[PDB]
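The form solved without its partner chain is given below as one chain in structure tokens.
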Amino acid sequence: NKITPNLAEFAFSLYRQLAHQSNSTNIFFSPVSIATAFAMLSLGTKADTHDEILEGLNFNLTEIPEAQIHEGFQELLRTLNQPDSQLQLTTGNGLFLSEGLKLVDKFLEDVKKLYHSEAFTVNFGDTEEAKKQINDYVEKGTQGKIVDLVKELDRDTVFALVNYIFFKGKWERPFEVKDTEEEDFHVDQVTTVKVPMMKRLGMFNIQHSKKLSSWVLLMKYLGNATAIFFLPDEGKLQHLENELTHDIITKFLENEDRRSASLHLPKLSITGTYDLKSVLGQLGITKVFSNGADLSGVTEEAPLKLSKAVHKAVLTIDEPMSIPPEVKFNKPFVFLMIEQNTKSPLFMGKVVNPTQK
């Protein structure tokens, strides 16, 4: 897909901002779902408000026409909404707009038809009930999986955007199931937590990378998704995060060479929740959240700004005579989950503490 390189750069920009903030925290977000939400929001924006959003998603507006960006997002959504993808992946965007605002019909039509998102009218005069209605939409949309997503709403809220993505992870290849034996996971030098570990001896798409100083393992999942796990060598996590590029990842995805290996793979479910106003502001997306926002494509008469923007991402695990290498994913590791048809980054992150709340 034409916009995959831009989404890859957005994934790295967002990942590196979060990793810079704290080196002890888990990171788990969807570059694809966040960018889709903000490209959608951009249809109701104009001038510097609009340009800041697309440049914030790593689209250089002097090189790529806007029509190709929206076509790229619509094609991506078509791929993600295919039956087999829908079996494992649920994605959605909820726009909550203050009642009594005269909404632009073209924006509502473009949101539903092009981005498959829902726009709702809500009473923000009752901030506790509005927060309940938003959370009920997310809970209904995720069949109970995501609850109390919006913990607090500002008193002056007139417009909220909620972006969610849920992935049911299951290995595509049938494997000889073993007991998930509890094993040590070295969070750091003095911290160890127990995790269910699946032990396997087989032919795996695994290699040790000199450039990245890491073991690199590629695994296939139901829903046309491939995960790439980077297990850094001792003291090389920062080097790994610094050296990652889109071209390096493409080379890994094109490789089909396999080798015998004894792997210890933790059966981990992961979640990430972000305040996009804070995170995206550091990437230069600020005007749409300010009093000066040009949201005249959403409402023509009244002033409007995006008061609240939240992202929630959830992954749950469903379910040679020479001694081969033994690789245990029993310490912090970085990951990317790619959609196979588009090569888009569905998820990106790092597991530091598997039992982190």
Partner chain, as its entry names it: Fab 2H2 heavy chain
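Positions refer to the first chain, counted from 1.
Note that the form deposited with its partner chain bound isn't included here; everything after this is about it.
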- Item | Touches its partner chain in the deposited bound form: residue 106 (any heavy atom, 4.5 Å) | no
- Message: Using a 4.5 angstroms cut-off on non-hydrogen atoms, would residue 196 count as touching its partner chain in the deposited bound form?
- Response: yes
- Could you tell me if residue 278 has a non-hydrogen atom within 4.5 Å of its partner chain in the deposited bound form? no
- Please check if residue 268 has a heavy atom lying within 4.5 Å of any heavy atom of its partner chain in the deposited bound form. yes
- Message: At 4.5 Å, heavy atom to heavy atom, what parts of 157-180 sit next to its partner chain in the deposited bound form? List them in sequence order, or say none.
- Response: 177, 180
